[PDB]
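Letter by letter, the chains look like this.
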Number of protein chains: 2
Amino acid sequence: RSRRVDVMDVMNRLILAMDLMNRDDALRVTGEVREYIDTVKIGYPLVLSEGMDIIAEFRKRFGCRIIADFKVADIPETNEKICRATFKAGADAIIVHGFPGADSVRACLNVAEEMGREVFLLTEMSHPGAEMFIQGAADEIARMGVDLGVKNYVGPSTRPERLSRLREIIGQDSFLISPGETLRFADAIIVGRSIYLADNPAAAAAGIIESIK
Amino acid sequence: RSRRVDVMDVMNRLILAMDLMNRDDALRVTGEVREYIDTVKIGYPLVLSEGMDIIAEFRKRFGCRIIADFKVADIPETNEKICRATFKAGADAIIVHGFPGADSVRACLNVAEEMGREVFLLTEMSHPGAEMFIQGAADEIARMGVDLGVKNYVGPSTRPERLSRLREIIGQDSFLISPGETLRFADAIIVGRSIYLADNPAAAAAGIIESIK
Ligand SMILES: O=c1cc(O)ccn1[C@@H]1O[C@H](COP(=O)(O)O)[C@@H](O)[C@H]1O
Ligand SMILES: O=c1cc(O)ccn1[C@@H]1O[C@H](COP(=O)(O)O)[C@@H](O)[C@H]1O
Ligand SMILES: [Ca+2]
Ligand SMILES: [Ca+2]
């Protein structure tokens, strides 16, 4: 897939999922791979452990793009506050759930347009429990995103034919990230433990990127 | 409803939803109503603005029970970390979504079992967008809770016949909280802005409590 001008550029199509819960270890690994990766996904395990100030630290130290994987899933008024606080902290983008419906997603889009940031709609998840409710809703949530002007999506890499279906719904231009055949549909992949648990994170990141070639 | 010995006692059946985003205002209001309320629900708007350390502060200053309304909705491994960090910070209980499925919920229950804390399963939400996916899943999510040994639930107060339905699924002993006759089905109500935006919060809390007679 070629880059679309109107959506974000992720260096080497590789997003680091930084789910270490200790500030020292998180900063060490991220600094090590900065020459390979410019986009870092940070979630609640790190921010609840170390504080939201860690976002600004990642930005001041590494100048990386930060996606807050907060899976926002509240009522509209609350979603607005969560997004505002998160963007105020310096996040470039936030991941939101679609299951709570269109108004809850729109609340996030509103704050993001006010503040000049981005919203990623999470369409589907990879874990077994996702079969119970999320799987059956995934296509409709994706279509809802399209009808909300959403331009950034998250989908699972485990079942590639699901990404093909997703890509059919969202169209060829929207930005899609996913936690080889994956990159025929997604614009970037998300990798955590294979990098941040390796003895040489920079080598792990380099190896993955060589495969992408 | 009479109190069940095996579930939590909420003073006056009134939970304060503290969604102010400034530490000073949040602490002021909570201290003022402590003689009326012993259980406070804190969500991401406050903790992302002020830090997770705010939880220990509420506890050390007021000795109130803290419910973290974090609407946990990630994959199982991530849910585990979020719950661990949240309980480590001192929360007595956490609210989790059921739509990501049974394994995601059980992950939270496992940590709560380990750490001696409680999980509230959110069955349904009250905003209009909840009609799209959540409403249709609500009964199945409640039944899922029953089959996960869940003893604490959250349901909407706006449609009372929905609480009666919920109560039929979860049985007469499980603990149910809901954001008058609401208390025929729920064990406590959750009130935010009517208390924390009033000129005299202690008076607003008193007025609501008098209605509970
Ligand atoms: O958000 C999703 C949705 C999925 O379907 C799968 C993983 N994830 C997230 O992606 C990340 C994957 O990290 P890894 O499994 O260590 O490579 C982690 O933060 C996990 O919570
Ligand atoms: O968790 C739910 C689920 C609902 O269906 C409705 C409100 N809530 C939460 O309950 C709280 C209600 O606060 P209030 O509307 O100010 O009274 C607030 O934190 C809101 O996010
Ligand atoms: Ca681009
Ligand atoms: Ca009791």
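Residues numbered from 1 in each chain as written, not as in the entry; some residues may be left out. Chains lettered and ligands numbered in written order. Heavy atoms only, no water.

- Method-wise, the PDB entry is recorded as coming from X-ray crystallography, at a reported resolution of 1.769 Å.

Observations concerning empty space enclosed by the protein
Phase 1 of the analysis: Space inside the largest cavity adds up to approximately 120 Å³.
Phase 2 of the analysis: In this structure, the largest cavity is lined by 15 residues; those nearest its centre are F70 and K71 of chain A together with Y44, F70 and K71 of chain B.
Phase 3 of the analysis: If you list the elements that add at least two residues to the lining of the largest cavity, you get β3 (65-72) of chain A together with β3 (65-72) of chain B.
Phase 4 of the analysis: Here the element with the most residues in the lining of the largest cavity is β3 of chain B; it accounts for four residues.
Phase 5 of the analysis: The residue makeup of the lining of the largest cavity, split by class, is ten nonpolar, no polar and five charged.
Phase 6 of the analysis: Of the volumes computed, that of the second largest cavity is approximately 40 Å³.
Phase 7 of the analysis: In terms of lining, the second largest cavity is formed by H97, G98, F99, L122, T123, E124, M125, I134 and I141 of chain B. (1 Å grid on protein atoms, 1.4 Å probe; cavity = no way out; pocket = protein on both sides within 12 Å on 5 of 7 lines; lining within 4 Å. Points joined across faces, edges and corners; volume = space filled by probe spheres on them. Helix = DSSP H or I, 4+ residues; strand = E, 2+ residues; numbered from the N terminus. Nonpolar A, V, L, I, M, F, W, Y, C, P; charged D, E, K, R; others polar.)

A few points about unusual backbone geometry
All names here are of chain A.
Phase 1 of the analysis: Not every positive phi belongs to a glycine, and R13 is a case in point at roughly 60 degrees.
Phase 2 of the analysis: Following the sequence through the fold, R13 ends up in the segment before β1 (14-18).
Phase 3 of the analysis: Even without being a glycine, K71 presents a positive backbone phi close to 45 degrees.
Phase 4 of the analysis: Here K71 is to be found in strand β3.

Topic: the packing of aromatic side chains
Residues and elements named next belong to chain B.
Phase 1 of the analysis: Applying the stated criterion across every chain yields a total of nine aromatic pairs over all chains.
Phase 2 of the analysis: Look at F120 and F175: their rings are 6.2 Å apart centre to centre, the planes differ by 70 degrees, and that puts the pair in the edge-to-face class. Of this pair, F120 sits in strand β5 (residues 118-122) while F175 is found in strand β7 (residues 175-178), placing the two residues 55 residues apart along the sequence. Grouping residues by exposure puts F120 and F175 together as buried. (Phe/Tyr/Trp six-rings, centres within 6.5 Å; stacked < 30°, edge-to-face > 60°. Buried < 20%, exposed > 50% of the residue type's maximum accessible area, 1.4 Å probe, protein only.)

Things to note about the coordination of the calcium ion (ligand 4)
Phase 1 of the analysis: Protein-derived ligands of the calcium ion (ligand 4) are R4 of chain B (O), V7 of chain B (O) and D9 of chain B (OD), with the metal-ligand distances lying across 2.2 to 2.3 Å.
Phase 2 of the analysis: Donor residues for the calcium ion (ligand 4), ordered by position in the chain, follow R-x2-V-x1-D. (Donors = N, O, S within 2.8 Å, 3.2 Å for Na, K, Ca; no water.)

Comments concerning the sheet that holds strand β2 (residues 39-43) of chain B
Residues and elements named next belong to chain B.
Phase 1 of the analysis: Taken in spatial order, the eight strands line up as β1-β2-β3-β4-β5-β6-β7-β8 and close into a barrel, and their pairing is parallel. The average undirected angle you get between the axes of adjacent strands in this sheet is 30 degrees.
Phase 2 of the analysis: One ladder, built from three bridges, connects strand β6 (residues 152-154) with β7; its direction is parallel. Looking across to β7, one finds that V154 is bridged to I177. (Pairing = 2+ DSSP bridges. Axes fitted to C-alpha atoms, helices over the stretch in contact; angles between N-to-C directions.)

Regarding the nonpolar core
Phase 1 of the analysis: Counting residues in hydrophobic clusters, the biggest one holds 168 residues, and the most contacted among them are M18 and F58 of chain A together with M18 and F58 of chain B.
Phase 2 of the analysis: Not counting residues within four places of it along the chain, the set of residues in contact with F58 of chain B comprises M18, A26, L27, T30, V40, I42, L46, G63, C64 and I66 of chain B. (Core = buried A, V, L, I, M, F, W, Y, C linked by side-chain atoms within 4.5 Å. Contact = heavy atoms within 4.5 Å.)

A look at the packing of helix α6 (residues 134-146) of chain B against helix α7 (residues 160-170) of chain B
All names here are of chain B.
Phase 1 of the analysis: One way to put it is that α6 packs onto α7 with a least axis distance of 9 Å and a crossing angle of 30 degrees. Taken together, the axis directions place α6 and α7 in an arrangement best described as roughly parallel. Here α6 and α7 pass one another in a crossing that is right-handed. Where α6 abuts α7, its residues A138, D139, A142, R143 and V146 lie against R162, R165, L166, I169 and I170.
Phase 2 of the analysis: In terms of residue class, the contact of α6 with α7 is made up of six nonpolar, no polar and four charged. (Parallel < 35°, antiparallel > 145°, perpendicular 65-115°, else oblique. Left-handed = near helix turned anticlockwise from the far one by under 90°.)

Looking at the site of ligand 2
Phase 1 of the analysis: In the region of ligand 2, 13 residues are neighbours, and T78 of chain A together with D19, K71, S126 and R193 of chain B sit closest.
Phase 2 of the analysis: Those chains with residues close to ligand 2 are chains A and B.
Phase 3 of the analysis: In the environment of ligand 2, an oxygen atom lies 2.9 Å from a nitrogen or oxygen atom belonging to the side chain of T78 of chain A.
Phase 4 of the analysis: One of the backbone N or O atoms of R193 of chain B is found 2.8 Å from an oxygen atom in ligand 2. (Near = heavy atom within 4 Å. Polar contact = N/O pair within 3.5 Å; in protein donor to acceptor, adjacent residues only side chain to side chain.)

Digging into the pattern of salt bridges
Phase 1 of the analysis: A full pass over the atoms with the stated rule returns 36 salt bridges over all chains.
Phase 2 of the analysis: One salt bridge in this structure joins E114 of chain A and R84 of chain A, with 3.3 Å as the shortest N-O distance. Here the residue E114 of chain A occupies a position in helix α5 (residues 102-115), and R84 of chain A occupies one in helix α4 (residues 76-88), the gap between them amounting to 30 residues.
Phase 3 of the analysis: The exposure class assigned to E114 of chain A is exposed, which follows from its relative accessible area of 58%.
Phase 4 of the analysis: A relative accessible area of 29% means that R84 of chain A is categorised as partly exposed.
Phase 5 of the analysis: One salt bridge in this structure joins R162 of chain B and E124 of chain B, with 3.1 Å as the shortest N-O distance. Of this pair, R162 of chain B sits in helix α7 while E124 of chain B sits in the loop between β5 and α6, and the two are 38 residues apart along the sequence.
Phase 6 of the analysis: By relative accessible area, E124 of chain B is classed as buried at 9%.
Phase 7 of the analysis: A cluster of three or more residues bridged by salt bridges with shared partners is formed by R23, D24, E57 and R61 of chain A. (Salt bridge = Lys/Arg side-chain N within 4 Å of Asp/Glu carboxyl O.)

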